[PDB]
Amino acid sequence: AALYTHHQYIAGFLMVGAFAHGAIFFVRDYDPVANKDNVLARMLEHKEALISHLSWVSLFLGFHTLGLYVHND
Amino acid sequence: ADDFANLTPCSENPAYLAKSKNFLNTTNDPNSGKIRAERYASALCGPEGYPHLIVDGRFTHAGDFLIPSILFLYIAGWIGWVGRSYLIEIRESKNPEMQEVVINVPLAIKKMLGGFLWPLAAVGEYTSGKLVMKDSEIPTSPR
Amino acid sequence: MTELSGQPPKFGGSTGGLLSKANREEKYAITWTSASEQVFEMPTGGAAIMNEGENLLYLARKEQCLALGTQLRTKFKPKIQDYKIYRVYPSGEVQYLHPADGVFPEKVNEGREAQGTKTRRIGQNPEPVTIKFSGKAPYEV
Amino acid sequence: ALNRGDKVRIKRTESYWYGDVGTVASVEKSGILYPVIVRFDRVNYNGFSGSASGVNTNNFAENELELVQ
Amino acid sequence: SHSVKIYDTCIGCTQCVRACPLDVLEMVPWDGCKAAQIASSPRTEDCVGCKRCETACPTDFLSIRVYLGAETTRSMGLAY
Amino acid sequence: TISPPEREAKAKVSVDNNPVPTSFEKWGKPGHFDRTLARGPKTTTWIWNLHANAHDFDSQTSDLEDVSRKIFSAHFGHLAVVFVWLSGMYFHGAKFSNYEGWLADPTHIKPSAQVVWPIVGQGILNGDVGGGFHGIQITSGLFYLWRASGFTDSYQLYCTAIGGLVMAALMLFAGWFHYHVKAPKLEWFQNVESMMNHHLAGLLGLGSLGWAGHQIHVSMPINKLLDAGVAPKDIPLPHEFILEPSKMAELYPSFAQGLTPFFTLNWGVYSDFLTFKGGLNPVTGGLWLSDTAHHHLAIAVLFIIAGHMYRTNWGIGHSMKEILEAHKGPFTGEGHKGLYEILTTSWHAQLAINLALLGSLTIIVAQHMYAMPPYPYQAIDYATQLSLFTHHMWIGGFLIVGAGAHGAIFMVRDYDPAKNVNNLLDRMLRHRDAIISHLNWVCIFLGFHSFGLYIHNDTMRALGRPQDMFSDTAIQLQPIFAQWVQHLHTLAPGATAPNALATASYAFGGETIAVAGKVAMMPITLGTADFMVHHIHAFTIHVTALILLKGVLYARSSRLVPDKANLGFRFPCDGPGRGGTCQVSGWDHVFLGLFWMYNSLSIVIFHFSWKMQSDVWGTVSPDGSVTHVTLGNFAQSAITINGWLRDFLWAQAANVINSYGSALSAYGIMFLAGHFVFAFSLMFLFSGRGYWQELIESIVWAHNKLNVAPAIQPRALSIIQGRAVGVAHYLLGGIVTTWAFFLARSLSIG
Amino acid sequence: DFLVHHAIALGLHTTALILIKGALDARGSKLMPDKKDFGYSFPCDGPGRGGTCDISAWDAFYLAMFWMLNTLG
Amino acid sequence: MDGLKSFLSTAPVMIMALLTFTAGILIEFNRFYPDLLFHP
Ligand code: CLA
Ligand code: CLA
Ligand code: CLA
Ligand code: CLA
Ligand SMILES: CCCCCCCCCCCCCCCC(=O)OC[C@H](COP(=O)(O)OC[C@@H](O)CO)OC(=O)CCCCCCCCCCCCCCC
Ligand SMILES: CC1=C(/C=C/C(C)=C/C=C/C(C)=C\C=C/C=C(C)\C=C\C=C(C)\C=C\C2=C(C)C[C@H](O)CC2(C)C)C(C)(C)C[C@@H](O)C1
Ligand SMILES: CC1=C(/C=C/C(C)=C/C=CC(/C)=C/C=C/C=C(C)/C=C/C=C(C)/C=C/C2=C(C)CCCC2(C)C)C(C)(C)CCC1
Ligand SMILES: CC1=C(C/C=C(\C)CCC[C@H](C)CCC[C@H](C)CCCC(C)C)C(=O)c2ccccc2C1=O
Ligand code: SF4
Ligand code: SF4
Ligand SMILES: [Cl-]
């Protein structure tokens, strides 16, 4: 029971780190002329849609999962 | 084949048949407990005595998920479509925000009563090009 | 500058004034002339009575002096626009601060140099990938 | 080549209305970097915390715009 | 000390100087706007960074920018 | 509007004939009271700022004569609201309760005054309280009040509700009248001497006078029969006592003499119903009503006499201006000079006193009702006792922080430095740092020497070292002063109170009164576990006072911000500069003090709830022994944090989680629901709006993609509003959790 | 298991949403189009423009840490 | 007069009237036909 939870918390810090360093890549190392029109810059070109659909799916989850739990209670 | 072998119908389930004789009454009708005993006895049950619902898409349980899914989606599309059309209708009247704060009841009701055909209206706005917008015409943030 | 002439305001002393570091490191003084004897609020706390004519008061930092200056001209009908703020050193060195060139920094004035002026837009700043490993920022270049 | 009442789309990137379309109010004479004053139907962010709205007008340049109408 | 810059989008309305509480900002005659003036920051040594200037800017996004830096006794707003 | 004659007789009455006309066009215009909001909503924040400033009349108009006329009608409307609510309770007692079914056998049935509509399974919430009635067992203690007032039939409660609705209509009408027909001038208001005379002699004096008359003619002669064993249907009506004054003359020997002895200074003869027995009633477990009538008569005489100290129109009397200008010593210079003018002009200055005193008095009400139970059978109803106590704790706790809010409001909005030149307020503003730093030191001291004791006890009991603990069986911390005053109050009837027969309360020491099978009140032995928790309470209150005091002594300015008075009362900050100027306003200080008031009362109510269940409440044996609920472990287990975590929380929370399937299931539901709202508040309290506005940007792009964006541009909550929603949900979730837990626990102890 | 798996899916989608909006909008936005000039971690931008608390790409990491901990709980 | 007809048609009054109406609909439907975990 201890080893599993240990490794899961380890990985839960590792993923947040993977994202925190990508933000730092965008802040310090992203070159918009070097990566022009590539698959990386198109991610920035449609970032509103990515964030919007992430919010939609998180709402679509949270709403019904919480509603079903409260309904069962 | 023998799909859901670990699940037995409520008509055969042990714990469910034990608990169904002792069902509480929700409304004022004293038969409501026995009404549930007779009503839920058709669904599949588990070894604990509680009904289970299968939503994998099979038509045997289309009453479990398919009917509420369709009924919701209908009513929700109705809501969203009349809201969107009324929001567009406001954009040509005096003060586009005041009429969003103070509701034009003779207009909101007129748009609500014409929402039972929202799929046809939406397809007619998509073919003509009114449903969606163009990316080159929407305010976006610096990349 | 040469001399800091002025009468200390009528005040029964407070704990919000200057301290030991404020006397040893640096303190600030403000000189102004009052048309009459009236009551004004202390930027450190309480209400004091300014003397008629030239006044003098020492404060801890500069923002306190400027907060009193912005109060003097706005609350009283005989507005005080001649308040002069000086920075005092531990060696008696007193220099002029506010107003700078005799005129308030609000309205424009002839004889000032463009400091921090850029010839671009904020959306025209260079990319941080072009200046990394150099001791310069996208706004410093 | 603009007049009072023209629909133009902002192309100032960092602008709050970059991509939105506003109405030209008045254009000032030569000798100004941003003489084209444009009004908008939507306020920006400007204002202290808790303000009711913002500013719906700004000055731009001709190379930063695109007529629509 | 903090860094204060003023961009060519400034219309010279003196609002950022009317809001500055430490006499950090001034106004110099310019040739870009109708008012023919632009904001100036000669006394950056007295800038605490309370952003009272940026709050009082009218142009589409700021024309004056404040970038916080190496904090000192004067920038920290220390009165003791 | 209408036009009455004049209604005056050589008075200071001064009104304006129809200042504000009556119309409905301003109803369809939201936010019209504010100039900044009348131009129409341009962002969604415009909506929030509409409610955030709905009652702030200073930002609306600057004329004080208009603000006072608004406040008067606002009070009238509040009184209408209150009368509506009270008629609700009387009507639910008349037609949706079992007050008659409870009055018969009060020791074998539970109070209930609500019936749940049987639908979608919620009909299970109707618990069998006894006697065939099914409903929610109430804890507000309305049946005890209605028994102590003489209510015996449902028609009485019905007529009470009707009268309450009539009074609600009257207050609602008077509000409109005093703002749309004849609104009073300033000449009618600023008579604080006259207003104090009228509020003492007429309101608080004649009120207790008339209520004592009621008790002597209604409450006492009917409760005397109720406590004897007479059926309510055989007990006569209150007006049959005045229609036949002989029936009253006989039921009390003093009444058998007439009215003349009272006028001829023969008070001692009325000792047959104006008694001074004290203690409690062995039949009901509450205070003696014969003592309460005498008490209300005494309070009435005292208040009517007090209403004749200040000067009005006939020359005699005092002027508070004179009294304030007279008090001045060598320590404070001019003393109270200018304070009359402070409290006769600034409404916030008055509210910062009234709220403080009203909250303190509500706390006193709780602390006095719990130990000297004044209502019949309320000391046996542990649920009702706990509920009244904690509810009157929370009301006062909120009303106290209101004072620290409105004081800072007065400082920023109404403090004129020219009007305060070397008096109490001005000189207090000088040495702000002295008081604040000294209170800082005191709070640190009380934190180390009250909570560190609990930490040390937990570490000692964890290390297996019993002889090193602060307990009643080791390094004892006995409270000598409290035990001494307990013993003083015990020996009162035979020394410093010869006329008193019993002690004020049996909590100090004495006999153990018990009704039916449960105990009413017994001596509360105070030991180490009481000393430590009392010091915990003192520490938490000290920190709350420090916060709410620095909120007022620095709302004007500080070494950090010297121009803070310009920024107003409610503002988030003054930029990230100066290292960080976040949360410096008085509004932010009240936002912080709310949490500490909650944290202090959280330990206060837990101290009450565990000490009562452990060293007071419990079943009494027919031989005489008393066995407490938690077996008296408070003096031996409440000394460690693990004791409160296990034997208090974990042990007594079992009633709430195991409540599913019963009539108490709603309490478990609300327990989890408060656990939900608590955590929901943390999202606001830990984040900042700069992220939420950037997210709203993406959602706005998504809406404009389908061309569904509202013209009201969506804007995240302001920083202040973010903090406000955070603290509101924090308090709501916590108080709902504790309410559900306390009610489910108190209802499950028999 | 189904309901707890959907709660887990919510915990993943929302944490990733926060960590992705922090990385994408790390160079700029419509509140701060010059976020790239302020670096990765910075306090804010001031109370103006409605408010700028927790606006840096570092603050998004700080917020998503709570969601990672909740998902791992 | 129209001043009150505009107040009865404001956002909060209407958004509470619709919620009350929908509550009535749902409550009466689950009164006459309760316990509908799925469709028969
Ligand atoms: C129990 C506490 C709690 C709750 C309920 C939430 C809930 C939410 N967080 Mg959140 N969060 C929390 C704590 C919490 N957080 C904490 C402590 C932090 C660290 C500061 C964060 C940091 C955080 C970030 C950074 C983000 C979120 C986001 C979200 C939203 C994701 C959408 C969703 O889940 O779908 C559905 C929504 C729900 C399940 C919650 C709604 C529940 C109500 C009861 C539904 C019914 C409405 C109700 C009837 C209204 C009427 C009220 C009336 C009585 C007055 C969601 C509403 C993300 C977001 O904004 O989404 C895009 C986002 O990026 N959170
Ligand atoms: C006409 C009203 C309307 C319409 C057509 C839409 C449509 C949409 N919204 Mg949206 N929204 C609305 C109102 C509306 N919203 C309101 C009032 C709010 C504030 C609570 C939001 C907040 C919101 C968020 C946070 C998000 C969306 C998103 C979306 C998109 C995905 C759908 C979704 O998320 O599921 C359902 C939408 C919701 C659960 C949000 C609440 C919907 C409200 C309560 C219904 C409005 C009813 C309206 C008053 C009807 C007016 C009738 C008229 C005659 C008076 C979609 C195109 C998502 C997105 O960005 O796209 C991917 C998303 O993240 N909305
Ligand atoms: C039908 C009678 C009537 C009418 C037509 C008006 C009309 C008006 N009143 Mg008025 N008023 C009335 C009764 C009435 N009042 C009563 C009975 C009171 C005593 C409480 C007041 C006290 C009062 C004050 C102090 C003020 C007004 C003001 C106004 C003007 C603006 C009102 C506004 O802002 O929009 C409408 C506002 C609402 C619809 C508020 C909604 C109701 C709130 C949320 C709670 C209701 C509490 C209620 C009074 C008591 C509860 C009843 C009980 C059964 C629970 C307006 C012309 C204001 C003014 O003159 O402008 C400067 C002003 O300051 N009124
Ligand atoms: C009789 C007592 C009293 C009175 C007359 C006032 C009067 C006033 N207060 Mg005040 N206050 C009081 C007590 C009082 N307060 C107390 C006890 C506290 C401590 C909590 C405060 C703390 C406080 C603060 C922090 C502020 C005020 C402010 C104000 C002014 C504006 C009111 C406003 O914002 O509009 C209307 C009020 C609201 C819209 C609040 C609505 C939100 C409530 C709290 C939600 C509560 C939920 C509900 C009760 C229970 C949950 C159920 C839910 C599921 C539906 C006003 C003159 C504001 C001001 O600027 O002063 C000039 C200000 O910011 N007060
Ligand atoms: C629980 C208590 C048992 C422990 C013993 C503690 C001893 C307390 C010290 C004696 C009282 C000091 C106040 C009177 C002394 C007093 O008020 O003298 C009077 C003096 C001013 O009086 P004046 O001569 O100006 O009188 C004119 C007035 O009418 C106003 O002009 O006030 C002050 O001294 C200001 C300094 C206050 C700062 C000292 C207060 C200390 C704070 C803590 C107080 C603890 C009280 C606890 C009570 C529950
Ligand atoms: C097979 C089926 C399910 C499987 C479902 C599949 C996997 C889901 C597929 C989803 C796909 C990927 C997305 C579908 C459509 C996506 C497009 C973009 C929809 C766009 C809708 C927009 C344009 C509508 C906009 C406007 C519509 C017209 C009406 C609204 O009022 C208002 C408003 C929102 C403004 C499972 C889960 C397996 C269970 C099984 O029993 C049944
Ligand atoms: C079915 C199955 C299979 C297959 C599988 C697969 C193949 C899948 C998958 C999957 C996957 C594979 C998933 C995933 C995940 C991922 C992740 C988790 C990621 C990440 C990363 C990140 C998030 C980062 C980003 C960034 C940023 C932020 C910006 C800058 C740049 C960078 C890049 C740094 C097999 C047959 C073999 C076996 C059986 C089962
Ligand atoms: C989520 C969040 C937001 C966004 C919050 C928003 C947009 C509030 C959402 C309100 C919605 C639109 C209304 C729903 C709530 C209603 C008040 C409930 C009324 C329901 C009745 C109609 C029945 C902030 O603005 C913020 C600011 C500062 C610190 C933290 C935060 C923060 O955490
Ligand atoms: S407010 Fe901004 S744009 Fe206007 S003069 Fe000052 S720095 Fe220039
Ligand atoms: S950041 Fe603040 S202190 Fe610095 S120049 Fe701007 S307004 Fe003045
Ligand atoms: Cl323990």
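Conventions used here
Residues numbered from 1 in each chain as written, not as in the entry; some residues may be left out. Chains lettered and ligands numbered in written order. Part of a larger assembly, values for the part shown. Heavy atoms only, no water. Buried < 20%, exposed > 50% of the residue type's maximum accessible area, 1.4 Å probe, protein only. Helix = DSSP H or I, 4+ residues; strand = E, 2+ residues; numbered from the N terminus. Pairing = 2+ DSSP bridges. Contact = heavy atoms within 4.5 Å. Buried area = accessible area lost by both parts, 1.4 Å probe. Salt bridge = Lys/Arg side-chain N within 4 Å of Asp/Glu carboxyl O. Polar contact = N/O pair within 3.5 Å; in protein donor to acceptor, adjacent residues only side chain to side chain. Nonpolar A, V, L, I, M, F, W, Y, C, P; charged D, E, K, R; others polar. Near = heavy atom within 4 Å. Areas by Shrake-Rupley, 256 points an atom, 1.4 Å probe, with all protein chains shown as cover. Core = buried A, V, L, I, M, F, W, Y, C linked by side-chain atoms within 4.5 Å.

Draft legend 1. Focus on the pairing of strand 4 (residues 64-67) of chain E. Residue and element names in this part refer to chain E. Side chains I64 and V66 of strand 4 all project onto a buried face; the interleaved residues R65 and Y67 project onto the opposite face, where all are buried too. In this structure, strand 1 (residues 3-6) lies alongside strand 4, joined through four bridges in antiparallel fashion. Residue pairing in the sheet places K5 in a bridge with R65 of strand 4.

Draft legend 2. Inspection of the interface of chain E and chain C at higher detail. Counting residues at the interface gives 38 residues for chain E, matched by 33 residues for chain C. With both chains or domains summed, chain E and chain C bury close to 3,000 Å², and 57% of this area falls on carbon and sulfur atoms. When the buried area of chain E at its contact with chain C is split by residue, E:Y7, E:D23 and E:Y80 rank highest and sum to 18% of it. Linking chain E to chain C there are two salt bridges. A salt bridge links C:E26 to E:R74; the shortest N-O distance between them is 2.9 Å. At the boundary of chain E and chain C, one finds twelve residue pairs in polar contact. Going through the elements one at a time, strand 1, helix 1 (15-19), strand 2 (26-29), strand 3 (37-40) and strand 4 of chain E are the ones with two or more residues in the side of chain E that touches chain C. Class assignment of the residues belonging to the side of chain E that touches chain C gives a composition of 21 nonpolar, eight polar and nine charged.

Draft legend 3. Focus on the site of ligand 8. Inspection of the region around ligand 8 gives F:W48, F:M683, F:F684, F:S687, F:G688, F:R689, F:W692, F:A716, F:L717, F:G722 and H:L19 as its neighbouring residues. One finds residues of chains F and H in close proximity to ligand 8. Here an oxygen atom of ligand 8 sits 3.3 Å away from a polar atom, N or O, in the side chain of F:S687. One of the side-chain N or O atoms of F:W692 is found 3.0 Å from an oxygen atom in ligand 8. For ligand 8, whose unbound accessible area comes to 800 Å², protein coverage reaches 53%. Among the elements of the structure, helix 25 (665-686) and helix 26 (689-705) of chain F are those that each provide at least two residues to the shell around ligand 8. Residue composition of the shell around ligand 8, by class: seven nonpolar, three polar and one charged.

Draft legend 4. A look at the nonpolar core. With 109 residues, the main nonpolar core has F:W102, F:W146, F:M411, F:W617 and F:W644 as its most contacted residues. Broken down by element, this core gets its largest block of residues, 14 residues, from helix 21 (residues 586-615) of chain F. In this view, F:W644 contacts F:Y454, F:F606, F:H607, F:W610, F:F634, F:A638 and F:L649; residues no more than four positions away in its chain are not counted. Core analysis: the next-biggest nonpolar cluster, separate from the first, contains 24 residues, C:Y139, D:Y45, G:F38 and G:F42 among them.

Draft legend 5. Broad picture of the interface of chain A and chain G. Taken together, the 30 residues of chain A in the interface contact 29 residues of chain G. A combined buried area of about 2,600 Å² lies between chain A and chain G, and 80% of that area is made up of carbon and sulfur atoms. Counting the surface chain A buries against chain G, the share from its top three residues, A:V16, A:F19 and A:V27, is 21%. Here chain A and chain G share one salt bridge between them. As a salt-bridge pair, A:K47 and G:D25 come within 3.3 Å of each other at their nearest N and O atoms. Taken together, the connections running from chain A to chain G amount to four residue pairs in polar contact. Mapped onto the side of chain A that touches chain G, the elements with two or more residues apiece are helix 1 (2-29), helix 2 (39-45) and helix 3 (47-72) of chain A. Within the side of chain A that touches chain G, the residues separate by chemical class into 21 nonpolar, eight polar and one charged.

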